[PDB]
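Worksheet: one structure, shown below.
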Amino acid sequence: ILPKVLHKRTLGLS
Amino acid sequence: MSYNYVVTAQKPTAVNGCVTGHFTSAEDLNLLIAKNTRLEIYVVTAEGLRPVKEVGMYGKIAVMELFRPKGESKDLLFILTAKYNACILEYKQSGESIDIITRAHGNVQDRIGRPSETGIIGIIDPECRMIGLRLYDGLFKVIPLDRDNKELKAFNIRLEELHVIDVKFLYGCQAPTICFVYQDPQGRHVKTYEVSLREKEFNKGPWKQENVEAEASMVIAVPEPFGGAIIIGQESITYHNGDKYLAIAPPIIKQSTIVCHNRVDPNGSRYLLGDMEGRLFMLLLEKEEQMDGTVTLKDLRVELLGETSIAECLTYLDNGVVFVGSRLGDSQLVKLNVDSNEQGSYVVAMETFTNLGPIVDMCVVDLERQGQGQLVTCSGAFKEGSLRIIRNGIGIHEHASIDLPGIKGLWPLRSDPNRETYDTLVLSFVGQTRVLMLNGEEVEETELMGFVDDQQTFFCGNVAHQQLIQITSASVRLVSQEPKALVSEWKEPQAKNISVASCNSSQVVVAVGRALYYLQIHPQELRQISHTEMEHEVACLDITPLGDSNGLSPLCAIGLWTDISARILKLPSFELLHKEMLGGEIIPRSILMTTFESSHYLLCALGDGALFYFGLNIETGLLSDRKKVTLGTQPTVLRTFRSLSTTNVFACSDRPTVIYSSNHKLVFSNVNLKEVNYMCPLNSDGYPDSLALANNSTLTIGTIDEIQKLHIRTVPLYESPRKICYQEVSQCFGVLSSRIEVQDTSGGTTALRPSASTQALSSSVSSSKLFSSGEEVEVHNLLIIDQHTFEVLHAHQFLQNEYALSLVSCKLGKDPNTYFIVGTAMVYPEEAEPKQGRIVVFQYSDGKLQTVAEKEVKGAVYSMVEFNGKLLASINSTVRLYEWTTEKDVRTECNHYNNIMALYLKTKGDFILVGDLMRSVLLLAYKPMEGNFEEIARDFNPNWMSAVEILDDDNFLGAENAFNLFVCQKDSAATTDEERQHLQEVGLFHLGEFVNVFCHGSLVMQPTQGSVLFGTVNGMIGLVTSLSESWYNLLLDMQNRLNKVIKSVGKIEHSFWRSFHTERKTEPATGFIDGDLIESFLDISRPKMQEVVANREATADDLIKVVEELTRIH
């Protein structure tokens, strides 16, 4: 789901 | 028409890799740390790690491995850059100066093949026969190692296995043998292949295929005593070798994924294991000596040692000291102990290293109400999250302030032959000298017996035999304390007044023009030891025991007048030794010799504001490093003080500077003060370990701050911060964070550890009834944090499954209050697009957090921004304006919406908007006719954006998934209805970082135009300015000249490196400049410096100045 994916990207694509 | 400039403001502090070994010399143990583009080189020692060399690369380091090929002194280094630049390097310390020579190099790109998921992997066979790369799906590239191939010609071998998870070479093989875990339909399997570099096939492998766990992901190759492979997964670890299968499944590992590993014992009987949670484990392999039959594995065992900081990187150093390389948190040195101390931890932290972690979001604030810039960041993830406050310069906090204009010198003064709590201070004025006293916090002002008070003093120190020196211009005098008497008085044989002083504790060296007299304070009187006359008038002098004595100064330093020169002399004789002329004809103001560690230094300030520096031998004298490093425009006056361990040089001028010690170099920081001219150290009974300082007309006394050129506060949150807004009128911050909770007996969520949101001074929960719509949960909260203490004043917890996504601090409509508004989203079990969220309006009024308003909303609130009185909010593909009523209601007209999903959003103090929807940057302006937003302009061309900014009304900066930057501009041409609708990419640049946030601010202020700061995933802070025609051109020039000169580690073209690079193109850099590269002009041997700058004027000393004006830009 877009949010978690986003928050991931922000931390280092993790 | 675009000219941009980018300087690093803070280098990347996250660590991407670290490797141990013997690369400096075989007789040494190194730790090598990988940054992004930086390689850090350490020697492991007794007191810890001693840094030897820090080198830059024109590439992101993606593979870093040491190896010794047969018949090779020490370890050689292998580095593969992310843009596919390979190279082998050697450390050569030949000169007392250091070198990273490129033994080999060449670019291993392939026109074919997609970038494999799990990324570039680089591996090397134990026989150093070859390098195996896995750059792309289906393709395994081989480089043979033999003494030639200095370009690294490689070949590929087709790899039938489509989807490779991890690879190593196996030990104890009679041919290179690869060992990998691949994925296909039926799960994941481990397989072997021999590498026949002779005929370039894969042949068969030493042992057949076996299935592994669905989440197998790390392959370890264990060395010769055992030889085989270990495969770490979730809930399972397994050993594989020939037909030998060993398997454990300790539940202790079933939670967090295992993420990294290192081997402790060369035998390979113990490995360290790193969790995503910071848990550290020991993996033990137990050996079996078989009555004459080598050793075998009987079993494996795991044991929880404790917790680190989420680690990219784990290096067993020696003697139970591990280096924990971290990326989401601070890195650290850690000692593994045999006995589990308190808490039942075998891990004890020795040392911690500041990482700005991922800088997730940030804002600039003039925090301590000074017209400066300070930066506060959301940094880290998880039980590693924090805020970081970043301030520019060294500061000092003030105790007393007394006014007394036109002072011209000061020296400290203890009033007893015993206790170093000095209780007196004496000021020299024009032609006077008034004396003081200290009852603690007080300053009364009468003199002592035998102190001239109608003579300007050039010294007010301490000597020998309960005695107080005063070298006034009238006459070098002596006054004892207990005997309280004039025990001596020297004067000049001709009644000529004295000029320059020089006085340690037990020695004196005056001057009366070109003349020099050396006197002595042996038992209770004066003693004319010497007299020489100099070629020219004496500007300045200096004498201090530089080691092998404790008062008797062996040598001296001297500033002259006509030949503008500095010199060294032997003091019992004054016999001219070595002397150095400097350029020009402005006078030396000060000269100074200081004892640091392992380079005895001496420097010279002139009077225009310039400074030159030279190390030397206290024993003899060798002309050292020469780089004219300007400071203020006022004549700098040097000085020595006391601080922490090492004590330093303090530059006095209009630009108060402090010179520290870098690598073993010297630090340059601003001191955040108006202007100092004279400054003396302290330790009193009213102001212990401190400093004294006089400006225009004020005297001051305080304590020096840290050390660095940037100063960094940390605020542990023990959870994840996501967003941050400053609220001036509340003098506080608002911060969205989240924490992970987990199932309990009740099924309900518990908590792994206490964090900001659980330990807050006050709290509150969401009681909205707006909805009637073993496992891990997120709980999102909004924190209120005090701008001064940084205590977590209050913490609101949102609803079950509410993820907050946006935050703003603003006023609305006509209501005078400032609120914190928060955009959320309701995140259910498995519903991809979420169809619900809220916009919550909060009030932090006198004391507590108040829930003012609510408005339900049908989707995720990805971004929001106060427009021109209303709240502009992007809700899940739709863009709506909201009204703040007078009844304090938020309302919209559902017919005035938008077909935009603004992941990222900014606004111009006009009616404009930069958005991003379907991988594209967008321009939109408010048309009140339609109550709408109108699409004025777009940037076609894909762009997976990560951040976005307005530079001015027609220019738009953007950052993207591929580490490139770019500027968009609108067309100034006809067809205003087509050519107008396409804004265009006027500038490109490969940054090498992943940008999370831009914001308009500076950390400089008490040449260029504008300033936007940005924060990286690697914790790098940067800055972008606009330039003119002449500069962008001058500088663009400078750059091209600069590449020609400047050495470049793995032989890589800055031009390749900086060129914008995606999957759909590779164009060269446009409209950009890296001050990083410009700034290294000052880091040059003048010889090379006269090569560059072979022609506006045309001078090195015209240019060396240009660059400095930019260094001041941050």
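Residue numbers start at 1 in each chain; chains themselves are named A, B, ... in the order of the structure tokens; ligands are numbered from 1 in the order shown.
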
Enumerate, in order of chain and increasing residue number, the residues of chain A with an atom no farther than 7 Å from chain B, each with its shortest atom pair and distance in Å to one decimal, counting only C-alpha atoms, as JSON lines.
{"residue": "A:1", "atom": "CA", "partner": "B:832", "partner_atom": "CA", "distance": 4.8}
{"residue": "A:10", "atom": "CA", "partner": "B:360", "partner_atom": "CA", "distance": 6.2}
{"residue": "A:11", "atom": "CA", "partner": "B:358", "partner_atom": "CA", "distance": 5.7}
{"residue": "A:12", "atom": "CA", "partner": "B:1017", "partner_atom": "CA", "distance": 6.3}

Skip residue 14 in chain A itself and residues of its chain fewer than 6 positions away, then list as a ChimeraX atom specification all residues within 9 Å of it, counting only C-alpha atoms.
-> /A:5,7-8

Based on the selection just made, write N, CA, C and O atoms of those residues as a PDB file, in the first residue's frame.
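The resulting file, out37.pdb, is reproduced below:
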ATOM      1  N   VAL A   5       4.911   1.879   1.640  1.00  0.00           N
ATOM      2  CA  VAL A   5       5.905   1.879   0.596  1.00  0.00           C
ATOM      3  C   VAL A   5       6.607   3.224   0.610  1.00  0.00           C
ATOM      4  O   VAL A   5       7.826   3.267   0.479  1.00  0.00           O
ATOM      5  N   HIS A   7       6.999   5.478   3.033  1.00  0.00           N
ATOM      6  CA  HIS A   7       7.777   5.692   4.231  1.00  0.00           C
ATOM      7  C   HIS A   7       9.009   4.811   4.173  1.00  0.00           C
ATOM      8  O   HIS A   7      10.067   5.165   4.710  1.00  0.00           O
ATOM      9  N   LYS A   8       8.878   3.670   3.508  1.00  0.00           N
ATOM     10  CA  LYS A   8      10.032   2.842   3.269  1.00  0.00           C
ATOM     11  C   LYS A   8      11.084   3.621   2.470  1.00  0.00           C
ATOM     12  O   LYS A   8      12.198   3.833   2.934  1.00  0.00           O
TER      13      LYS A   8
END

So which residues of range 587-627 of chain B fall under strand (DSSP E) by DSSP, listed as a ChimeraX atom specification?
-> /B:590-594,601-605,611-615

Filtered DSSP result for chain A, state alpha helix (DSSP H), as a ChimeraX atom specification = /A:2-11

Written file, previous selection with C-alpha atoms, as a short mmCIF file (atom, residue, chain, number, x, y, z; two decimals), in the first residue's frame:
data_model
loop_
_atom_site.label_atom_id
_atom_site.label_comp_id
_atom_site.auth_asym_id
_atom_site.auth_seq_id
_atom_site.Cartn_x
_atom_site.Cartn_y
_atom_site.Cartn_z
CA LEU A 2 1.33 3.37 -1.14
CA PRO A 3 2.00 4.97 2.33
CA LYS A 4 4.12 2.26 3.90
CA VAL A 5 5.90 1.88 0.60
CA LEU A 6 6.50 5.62 0.69
CA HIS A 7 7.78 5.69 4.23
CA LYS A 8 10.03 2.84 3.27
CA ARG A 9 11.56 4.76 0.31
CA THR A 10 12.28 7.65 2.64
CA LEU A 11 14.38 5.45 4.94
#
